[PDB]
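The chain that follows stands alone, in the form solved without this ligand, written as structure tokens.
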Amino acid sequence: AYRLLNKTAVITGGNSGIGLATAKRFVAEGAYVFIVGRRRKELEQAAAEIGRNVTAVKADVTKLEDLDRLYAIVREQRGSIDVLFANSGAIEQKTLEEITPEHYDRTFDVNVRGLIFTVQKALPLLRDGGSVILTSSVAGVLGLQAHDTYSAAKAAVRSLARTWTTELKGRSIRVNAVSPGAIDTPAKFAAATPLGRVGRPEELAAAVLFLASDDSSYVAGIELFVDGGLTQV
């Protein structure tokens, strides 16, 4: 009944949307969950909503020392990580003409740099046979107006799942990317989507759950599109 019974999960991007829905689903499947976020107020609200088996940890995953501190807390409280959902992400639209160095740095710092170190520093805590899930995007395989840096960053994320699959296979750690389409969160995409609607965060959490759980035990390095068919037709 409980597909993550007694597993320990860390979820970055934990206060908002997908992170939050995933946290609830993970708890419902009997996991212990750390949610991670920059803003303490929202994190505590998120933990309140989740209600049980959850620790909120304030961290800016773009800052190495914030990561060290998060992992020190995770080690003290629960020892080991079974499931890491690296889901922090931020989108700002700018066309090629409009790109400034600050815009470039913001996007790649949060989407790629932050991710790399999030995963690097989780390594000593990750259990052999554990599962790592990266949040890429349908943007990583599309040519969307003004999504230059975001799409490019998200393609870099999908690439990391491949590389990390190779590098961590000795320890049997699976790494897979999830690529959401339009998810209803805090009509153009809905028109082009075969399912004819935006996804619910619950539906994304459910896909992440697959990758987190034993059901995906022979699935490695993939990009799982969860986009109602958008990129598939």
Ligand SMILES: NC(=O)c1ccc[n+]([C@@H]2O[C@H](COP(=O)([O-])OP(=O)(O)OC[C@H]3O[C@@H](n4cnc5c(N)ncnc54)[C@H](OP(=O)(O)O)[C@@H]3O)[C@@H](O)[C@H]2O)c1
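One rule holds for the numbers: they count along the sequence shown, beginning at 1.
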Check: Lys41 without coordinates in a third or more of other entries = no
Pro186: gap in at least one third of other compared structures = yes
remark   = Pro186 to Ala187: deposited residues not modelled, binned count -> 10 or more
ask   = Which has the higher mean CA temperature factor in the PDB entry, 44 to 52 or 195 to 203?
value = 44 to 52
ask   = Which wins on mean Cα temperature factor, 151 to 159 or 74 to 82?
value = 74 to 82
key: Options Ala177, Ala190, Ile173, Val208 - largest CA temperature factor per the record   = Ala190
request  = Choose from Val138, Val110, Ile116, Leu126 the residue with the greatest Cα B-factor as stated in the PDB record.
outcome  = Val110
remark   = Sorting the chain's modelled residues by C-alpha B-factor and splitting them into thirds places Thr165 in the lowest
Position of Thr8 among the chain's modelled residues by C-alpha B-factor, lowest, middle or highest third = middle
note = On the chain's distribution of Cα B-factors, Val233 falls within the third called middle
ask   = Taking the C-alpha B-factors as the PDB entry records them, is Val57 in the lowest, middle or highest third of its chain?
value = lowest
query = If you rank every modelled residue in this chain by C-alpha B factor, which third holds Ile222: lowest, middle or highest?
reply = lowest
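Same protein, other form: the form deposited with this ligand bound, not shown, and the subject of what follows.
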query = Since exactly one of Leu168, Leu64, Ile183, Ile50 fits, which has a heavy atom within 4.5 Å of this ligand in the entry with it bound?
reply = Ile183
remark   = Within 4.5 Å of this ligand in the entry with it bound by heavy atoms, the stretch out of 133 to 141, 76 to 84, 120 to 128, 94 to 102 is 133 to 141
request  = Although this ligand is absent from this view, report whether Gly221 comes within 4.5 Å of it in the entry with it bound, heavy atoms only.
outcome  = no
request  = Decide whether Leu160 counts as a contact residue for this ligand in the entry with it bound under a heavy atom distance cut-off of 4.5 Å.
outcome  = no
request  = Considering only heavy atoms, tell me if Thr107 and this ligand come within 4.5 Å of each other in the entry with it bound.
outcome  = no
ask   = Can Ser88 be called a contact residue for this ligand in the entry with it bound at 4.5 Å between heavy atoms?
value = yes
key: this ligand in the entry with it bound: contacted by all of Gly17, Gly37 and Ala59, heavy atom 4.5 Å   = yes
